[PDB]
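These notes are about the structure you will find just below.
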Amino acid sequence: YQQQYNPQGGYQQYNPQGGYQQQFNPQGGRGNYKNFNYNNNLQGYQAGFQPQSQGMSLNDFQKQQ
Amino acid sequence: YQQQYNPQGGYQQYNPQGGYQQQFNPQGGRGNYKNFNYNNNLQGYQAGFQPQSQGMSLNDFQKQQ
Amino acid sequence: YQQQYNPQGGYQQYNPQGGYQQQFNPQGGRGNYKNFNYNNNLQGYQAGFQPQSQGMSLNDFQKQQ
Amino acid sequence: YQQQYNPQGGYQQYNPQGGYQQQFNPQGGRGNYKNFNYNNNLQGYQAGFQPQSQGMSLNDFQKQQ
Amino acid sequence: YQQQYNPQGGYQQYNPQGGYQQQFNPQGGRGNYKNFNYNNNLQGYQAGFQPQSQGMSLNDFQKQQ
């Protein structure tokens, strides 16, 4: 079993952009706001050696009883 | 079993863009807001060696009883 | 079993765009809003070696009882 | 068993666009809104070596009892 | 068993467009809205080596009992 990653040269720009500005933005409103959940996740790889790997794992969240 | 990844040269720009501005934006409203769940996830790979891998895994979320 | 990925040169721009601005945008409304779930997921690969891999897996979500 | 992917040169622009602006947009309305589920998923590959792979898998979601 | 993918040169623009603006847009209405499910999925491949692969798999969703 032989796994070989051998890059030569190259230009790599890794620029993921997440803009979350004013996620909660009511304008001129009247009322009540209860149980607001914001989950913002950014994950990634620039090149790299990662067999049998997992980027992001999320479970059991954002529940109201 | 032989796995070989050998890139030579090249220009790679990795620019995923997520815009979440004003996700919750009521304008001039009256009422009540309960149990708001926002799940924002960005994941990726620029090149890389990752056999038998998983990008993003999500389960058991956003439930109201 | 021989697997070989050997790219030479080339120009690759990876630019997926997700625009989620004002996802929830009532204008001049009256009422009640309960159990709003927004799932926004962006995932991908620019090049890369990933046999037997999975991009995104989601299960058991957005349920109201 | 021999699998060979060897691209030479070329110009590749990967630009999938998802516009989700004002997904929920009632204008001048009166009422009640309950159990709104929005699932927005964008996934893809620019080039890459991925035999026996799966892009996106989703099950068991958006149910009301 | 020999599988060979060797593209030379070429110009490839991958631009799938999904417009989901104002998916839910009642105008000047009165009533009640319950159990609204919107599933928006965009998936694809620009080039790439992927025998025995699956783009998108979805099951067991959008059910009301």
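So basically every Cβ, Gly included, is an ideal-geometry build from the backbone, and we count neighbours across all protein chains shown. Only the coordinates and a few stated rules stand behind these numbers; no lab work does.
Among residues of region D:46-65 that are surrounded by fewer than 24 Cβ atoms within 10 Å (Cβ to Cβ), those with a beta-carbon under 6 Å from a residue that is among the charged types (D, E, K, R) and in a strand (DSSP E or B) at least six positions away or on a different chain give the pairs D:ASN59/E:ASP60; D:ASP60/C:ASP60; D:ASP60/E:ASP60; D:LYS63/C:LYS63; D:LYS63/E:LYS63.
Set side by side, the residues E:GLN21, E:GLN62 differ, and just one is in a strand (DSSP E or B), of a type in the set (S, T, N, Q) and farther than 21 Å from D:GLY31 by Cα, which is E:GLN62.
Checked against the criterion of being of a type outside the set (S, T, N, Q), in contact with a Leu (Cβ under 7 Å, 6 or more places away or on another chain), closer than 30 Å to A:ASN6 by Cβ and facing chain B (nearest Cβ under 7 Å), the candidates C:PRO16, C:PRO7, C:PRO51 yield just one match: C:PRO16. Restricted to region B:1-18, and to residues there that are polar (S, T, N, Q) and not in a loop (DSSP other than H, G, I, E, B), the residue that is farthest from A:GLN12 (Cα to Cα) is B:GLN2.
Quick one: count up the residues across region B:24-48 that are within 20 Å of the chain's Cα centre (by Cα) and not in a loop (DSSP other than H, G, I, E, B). Looking only at that region, the number is 12.
Please enumerate the residues belonging to region D:2-32 that are of a type outside the set (S, T, N, Q) and more than 29 Å from C:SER57 (Cα to Cα). Walk me through it before giving the result.
Here is the first cut: in region D:2-32, the residues of a type outside the set (S, T, N, Q) are D:5, D:7, D:9-11, D:14, D:16, D:18-20, D:24, D:26, D:28-31.
D:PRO7, D:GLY9, D:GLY10, D:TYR11, D:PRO26, D:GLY28, D:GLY29, D:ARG30, D:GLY31 - these are the residues of region D:2-32 that are of a type outside the set (S, T, N, Q) and more than 29 Å from C:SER57 (Cα to Cα).
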